[PDB]
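This report refers to the structure that appears directly beneath it.
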Amino acid sequence: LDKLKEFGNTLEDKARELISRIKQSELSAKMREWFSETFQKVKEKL
Amino acid sequence: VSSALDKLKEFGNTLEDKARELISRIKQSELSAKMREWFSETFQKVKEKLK
């Protein structure tokens, strides 16, 4: 039963971390496309 | 807005949901065990006071 509890707390910790790394990638990805879409729009206007 | 990562997010959330739930059940099993032992120990003493 402590072996059972251990297993749950590991699934919850690996779950935390995976979602915490998805948000980071996402943030990182949206800004990058946002910075690039804006630069391309300025080149248009140049 | 990649559809692979969003689906990894569903996976991340479920895995975490099910784990929390697992732990809600253990705590119930926990309550239950400490209750069974209370009846067991209380019975035993009754036995030693009737024999």
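Labels for the structure tokens follow display order: chains A, B, ..., residues from 1 in each chain, ligands from 1.
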What residues in chain A lie within 8 Å of chain B, counting only C-alpha atoms, written as a PyMOL selection string?
chain A and resi 1+4-5+8-9+11-12+15-16+18-19+22+26+30
